[PDB]
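Reading through the structure tokens given below for one structure.
Here is how names work: the chains are called A, B, and so on, in the same order as the sequence lines, proteins then strands, and each is numbered from 1. These numbers come from the heavy atoms of this one structure, side chains and all, not from hydrogens, waters or symmetry mates.
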Amino acid sequence: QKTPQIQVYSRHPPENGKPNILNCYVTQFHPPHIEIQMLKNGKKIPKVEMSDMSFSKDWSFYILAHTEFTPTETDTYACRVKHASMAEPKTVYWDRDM
Amino acid sequence: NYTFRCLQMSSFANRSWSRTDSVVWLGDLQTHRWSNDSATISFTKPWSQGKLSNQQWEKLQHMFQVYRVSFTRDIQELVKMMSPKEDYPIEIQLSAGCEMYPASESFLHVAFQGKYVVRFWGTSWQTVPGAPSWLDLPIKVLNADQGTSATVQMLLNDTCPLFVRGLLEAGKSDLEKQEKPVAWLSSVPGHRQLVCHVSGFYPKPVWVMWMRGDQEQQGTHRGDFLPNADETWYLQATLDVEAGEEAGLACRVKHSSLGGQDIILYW
Ligand SMILES: CCCCCCCC(=O)N[C@@H](CO[C@H]1O[C@H](CO)[C@H](O)[C@H](O)[C@H]1O)[C@H](O)[C@H](O)CCCC(=O)NCCCCCCc1ccccc1
Ligand SMILES: *[C@@H]1O[C@H](CO[C@@H]2O[C@@H](C)[C@@H](O)[C@@H](O)[C@@H]2O)[C@@H](O[C@@H]2O[C@H](CO)[C@@H](O)[C@H](O)[C@H]2NC(C)=O)[C@H](O)[C@H]1NC(C)=O
Ligand SMILES: CCCCCCCCCCCCCCCC(=O)O
Ligand SMILES: *[C@@H]1O[C@H](CO)[C@@H](O)[C@H](O)[C@H]1NC(C)=O
């Protein structure tokens, strides 16, 4: 079993009030069964698109999730992953400054 | 040089549940998908048939349709034959294709539970050194099947480089596309980390550095290449700076799409 790594990043420079796309890239996991949610203020975002799962030279799996979002000064966004390698779901927050 | 990779992922949960899914890549662009749900292979580019005729493509597809069923049956029979020594769940991965040179070389590697165990080489299947010894007998049995051996030889020696030559021609405008990076600066927390974000560029090769005038800042820490959903790339590079020393810093980005005019952003 290999534990997923999660990276959360925007497609375009973030501007408050302006529509954008938020990406959640999940890598380095095995086995391939996984649940990926993207969250806005802690609530699941319904319209999340997923790439086809693939794998790297080292055999570990990866997949890209993305969703439309409009960042504001006060909204928080995150990506939460459930996988057999972890007893607890792993959450990574988007931080525009990070 | 382009590497063409056909990636198969098979999960066997028990005797009544399995799926096999595949994706195909030419370099970093996905050319095909074949979901367990679909009877046929799906094109993910307009040019994913390459220069093969409808007849040649359908012949090739039919062979794969037979293989997917046969493979699933073969693995299920092996697990029944070997129970309780080896048992569910089982993950099997195959990576097959070729790498093109100015000439070509083909490969077919197989992983079991995430570990490389078997390859096809020359005219036969072989276990790699350190592979579990219980694989030797089923590989012997598979090597007795000369029809399959000849088919794999044709696919690796002939079909792969042929097919790829046609993909490169048919997909030329996409493989040689240029998309410009857009960059932006931010920072996270007497030190702080400055972040230079670069997004939307294609092809993958890029140069990103923190600068003070024409002096490269060797503290520049480049992240990994991360995909965007629109077949462009994202990369960021960070710099740890002492508060006070932030003045005079810039991020410089070089990329093939910019026509010799680097992006320079000032902190
Ligand atoms: C990616 C490889 C290219 C696939 C080409 C296979 C041709 C094929 O479909 N042929 C199967 C049926 O063949 C029968 O009909 C053919 C004509 O249609 C011929 O006449 C052939 O002689 C005849 O037998 C055949 O059953 C084959 O065994 C299908 C499975 C192929 C297979 O275990 N390949 C090895 C890759 C997996 C090896 C994993 C080893 C392993 C085992 C357990 C755990 C981990 C790893
Ligand atoms: C197909 O080519 C192989 C040799 O090519 C290598 O293995 C392939 C599967 C592929 O991965 C290539 O990129 C590799 O370079 C032939 O096998 C050789 O055959 C000769 C005699 O004719 C034999 O003496 C060699 O030992 C074999 N080579 C090896 C490395 O084992 C094979 O015969 C070709 N088959 C057809 C149908 O064309
Ligand atoms: C399996 C290696 C084949 C090498 C020859 C390449 C021929 C073109 C392949 C077209 C798409 C194949 C998609 C299915 C892949 C699979 O099931 O392994
Ligand atoms: C995968 O495809 C096979 C063949 O059509 C089918 O029988 C099987 O139920 C599918 N598996 C899943 C999990 O849907």
Side-chain angles (χ1 to χ4, degrees), chain A residues 1-9 22-40 42 44-45 48-56 58-67 76-95 98, chain B residues 5 7-14 16-23 25 30 33 35-37 72 75-76 78-79 82-84 86-95 109-118 128 130-132 134-135 223-227 229 234 236:
Chain A
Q1 282 186 338
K2 295 171 174 182
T3 294
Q5 304 305 302
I6 303 167
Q7 299 167 269
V8 185
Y9 51 103
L22 190 63
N23 296 324
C24 176
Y25 186 47
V26 184
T27 58
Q28 287 295 323
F29 60 95
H30 186 99
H33 184 86
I34 201 158
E35 188 189 343
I36 301 168
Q37 291 165 354
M38 300 188 72
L39 312 174
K40 177 180 176 178
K44 294 155 204 187
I45 300 172
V48 176
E49 290 167 32
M50 306 276 176
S51 70
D52 295 320
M53 195 165 294
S54 186
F55 62 84
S56 307
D58 74 5
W59 307 99
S60 64
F61 291 89
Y62 64 88
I63 191 169
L64 179 68
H66 73 276
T67 189
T76 58
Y77 294 87
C79 188
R80 172 169 291 163
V81 174
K82 306 205 191 201
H83 188 257
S85 63
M86 303 175 305
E88 290 287 358
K90 185 168 167 179
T91 301
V92 173
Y93 279 86
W94 177 57
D95 187 338
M98 204 162 277
Chain B
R5 305 181 167 86
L7 307 183
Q8 181 192 137
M9 303 153 263
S10 302
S11 303
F12 300 79
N14 54 58
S16 60
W17 196 100
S18 86
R19 60 182 301 133
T20 294
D21 301 87
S22 292
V23 294
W25 298 92
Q30 188 179 351
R33 152 181 60 254
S35 173
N36 194 79
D37 302 357
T72 302
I75 296 306
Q76 293 291 32
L78 185 45
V79 173
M82 278 198 69
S83 178
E86 287 291 323
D87 235 66
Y88 300 108
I90 287 160
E91 299 298 336
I92 295 164
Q93 295 159 267
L94 280 86
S95 174
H109 289 196
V110 186
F112 174 69
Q113 315 290 45
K115 186 150 174 74
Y116 177 39
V117 289
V118 160
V128 303
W134 68 258
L135 288 162
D224 293 338
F225 288 92
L226 315 181
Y234 176 100
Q236 66 182 50

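Just one of A:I6, A:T91, A:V92 meets the side-chain contact (heavy atoms from CB on, under 4.5 Å) condition when paired with A:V81; it is A:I6.
With A:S51 contributing its side chain and A:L64 its backbone, the two residues share a donor-acceptor pair below 3.5 Å.
Residues B:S10 and B:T20 share a closest heavy-atom pair of OG-OG1, 2.8 Å. Residue B:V118 comes nearest to B:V128 through the heavy atom pair N-CG1, 4.4 Å, listed as atom of the first residue, atom of the second, then distance. The shortest non-hydrogen separation linking A:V26 to A:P4 is CG1-CB, 3.7 Å. The two residues A:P31 and A:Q1 come nearest to each other via the heavy atoms CD-CG, 4.1 Å. Closest heavy-atom contact between B:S18 and B:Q76: CB-NE2, 4.2 Å. Of all the heavy atoms in B:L226 and A:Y25, the pair that sits closest is CD2-CD2, 4.0 Å.
Here the straight-line distance linking atom OG1 of A:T67 with atom NZ of A:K40 works out to 9.5 Å at 0.5 Å rounding. Separating the CH2 atom in B:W134 from the CE atom in B:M82 is a distance of 5.0 Å, to the nearest 0.5 Å. Between the CZ atom in A:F29 and the CD1 atom in A:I63 there is a gap of 6.0 Å [rounded to 0.5 Å]. Here the straight-line distance linking atom NZ of A:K82 with atom CD of A:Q37 works out to 6.0 Å at 0.5 Å rounding. Here B:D87 contributes atom CG and B:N14 contributes atom CG; the two are 10.5 Å apart, rounded to the nearest 0.5 Å. How far CZ of B:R5 is from CZ of A:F55: 10.0 Å, rounded to the nearest 0.5 Å.
By the side chain to side chain contact (heavy atoms under 4.5 Å, CB included) test, A:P32 is found to be paired with A:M53, A:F61, B:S11, B:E91, residues two or more places apart in sequence or in another chain being considered. Partners of B:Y234 by side chain to side chain donor-acceptor pair (under 3.5 Å), not counting sequence neighbours, listed by chain and number: B:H197, B:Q236. Annotation: side chain to side chain contact (heavy atoms under 4.5 Å, CB included) contacts of A:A65 (sequence neighbours excluded): A:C24, A:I36, A:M38, A:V48, A:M50. B:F225 meets the ring-ring contact (aromatic ring centres under 6.0 Å, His included) test with no other residue; sequence neighbours excluded. Taking A:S54 as the reference, A:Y62, B:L7, B:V23, B:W25 meet the side chain to side chain contact (heavy atoms under 4.5 Å, CB included) condition, with sequence neighbours excluded. Under the rule for a side chain to side chain contact (heavy atoms under 4.5 Å, CB included), A:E88 has no partner lying at least two apart in sequence or in another chain.
More than 12 heavy atoms of other residues, nucleotides or ligands lie within 6.0 Å of NZ in A:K2, so this atom counts as buried by the packing criterion.
For the residue pair B:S95/B:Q93, the side-chain donor-acceptor check at 3.5 Å is not satisfied. A side-chain donor-acceptor contact under 3.5 Å links A:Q28 and A:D58.
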Exercise. Does the pair A:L39 and A:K44 meet the rule for a side-chain contact (heavy atoms from CB on, under 4.5 Å), with working shown?
Worked result: CA-CA 5 Å; A:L39 312 174; A:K44 294 155 204 187; 3.8 Å; yes
For this session: Report the C-alpha separation of A:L22 and A:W94 in whole Å, then their side-chain angles, then the decisive distance to 0.1 Å, and conclude whether the side-chain contact (heavy atoms from CB on, under 4.5 Å) test is met.
Result: CA-CA 9 Å; A:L22 190 63; A:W94 177 57; 3.7 Å; yes
Problem set entry | Step-by-step side-chain contact (heavy atoms from CB on, under 4.5 Å) determination, B:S22 to B:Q8 | CA-CA 4 Å; B:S22 292; B:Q8 181 192 137; 3.6 Å; yes
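Ion pairing of B:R33 with B:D21 is absent here, as no side-chain N (NZ or NE/NH1/NH2) approaches a carboxylate O to less than 4.0 Å.
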